[PDB]
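First, one chain by itself in C-alpha cells, the form deposited in one PDB entry.
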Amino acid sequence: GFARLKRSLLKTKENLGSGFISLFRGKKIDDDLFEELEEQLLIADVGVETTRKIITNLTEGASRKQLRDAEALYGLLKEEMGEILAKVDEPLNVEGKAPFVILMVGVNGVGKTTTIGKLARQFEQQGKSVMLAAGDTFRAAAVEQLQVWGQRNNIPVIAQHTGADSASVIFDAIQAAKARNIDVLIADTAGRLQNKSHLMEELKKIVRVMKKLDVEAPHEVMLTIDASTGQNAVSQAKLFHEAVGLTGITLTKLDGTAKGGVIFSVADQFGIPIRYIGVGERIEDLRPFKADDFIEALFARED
C-alpha cells in the first residue's frame, strides 16, 4: 500500500520509519541504542525537544514491558510518532461562507504563491468560485505574476499600485468577493523577514481590518512552510503563530528531501492542524494531509 506516498517520501524513509529497521537489527535495548536512535531522529530534523520526548517515552515503554531486542522498539516508535501526526490531522473545510477567507502567511520562497494557485484550482474543481487578493503589495513582480496567473486561469485578482496598504487591498478584496458571490477568497501577504516585527504588525492590521466586514474573517490563517528548509520551517511557524495565531499549516516540498521528519517537529511543537502536504508539481500533488497514510508510508517496508 501507499506506493505513491512511499515514493514521495523515499529520501525521508532513509532515516525514519523503515529507516529504523537497519538501526535496530540484532541489537539490544541499552543506553547505547537510545543514543544512536536519538542521533538519527535529530539528523532527520525531528527536533531536539520532540526527539527528547520520543526517547523519554520509548525508554519508559520499553522498560515497562521489559523489551529485550531493539527490533521491538519499531512498533512503539510507530505508535509514538503516529500519535504526534494524528493530533494534527484535521482537513480544511471551506464550505458555507460568503466568502470563506483564507489568509496565507509565511516567508517568501517556501511555496506560498504556488500553494495559492493549487488551492484555487482545487476549489474550482469542487464547484466553488475563487478570488485572490494580491496583498504582497511592495513586490511588484510578485503582484504582476499573481495577476498574470489569474488572467491565465480566469480567476479574479484584486490588486493595487505598488506600495499600497496591504490591509486596504485585502479589505477591498473581501468587499469585491461579497459583491460577486465568491465562495473562497485567498489572500496573499508579504513574506520579508528583514525587520520581522514590522511584518507581524502588518499581518495583525490586516486581521483587524477584516473584522469590519466579517467578524468571522479570516476563517483560516494558513502558514506555508518548506520541508526542505529543515528547522527553519519550525522557527518560521513559531514566529507567525505567536504573532497572529495560525489555524492551519501547509508543508511543501516533501518529495525528494531527506528532511521530511521536520513534520513531526511542526506537529508536536504547535499542535496546529496540518491541512495539506506538497509532494510534487501537479495541482493534485498538493494533498490533504492524512496522518495514517503518512505513518504507514513512512514505516512500511513493502511497497
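All residue numbers refer to positions in the sequence shown, first residue = 1. We call the rigid core the largest set of C-alpha positions that still match within 1.5 Å between the two forms.
Absent from the display: the form deposited in another entry. The rest refers to it.
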Notebook entry, point to check: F294: CA shift of at least 2 Å between this form and the one not shown after core fit?
Noted result: yes
Note to self: After superposing the rigid core, is the C-alpha displacement of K259 2 Å or more between this form and the one not shown?
What the structure shows: yes
Notebook entry, point to check: Against the rigid core, is the Cα displacement of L33 between this form and the one not shown at least 2 Å?
Noted result: yes
Margin query: Please check whether, in that other deposited form, the CA atoms of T137 and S197 lie closer or farther apart than here, given a change of 3 Å or more.
Written below: closer
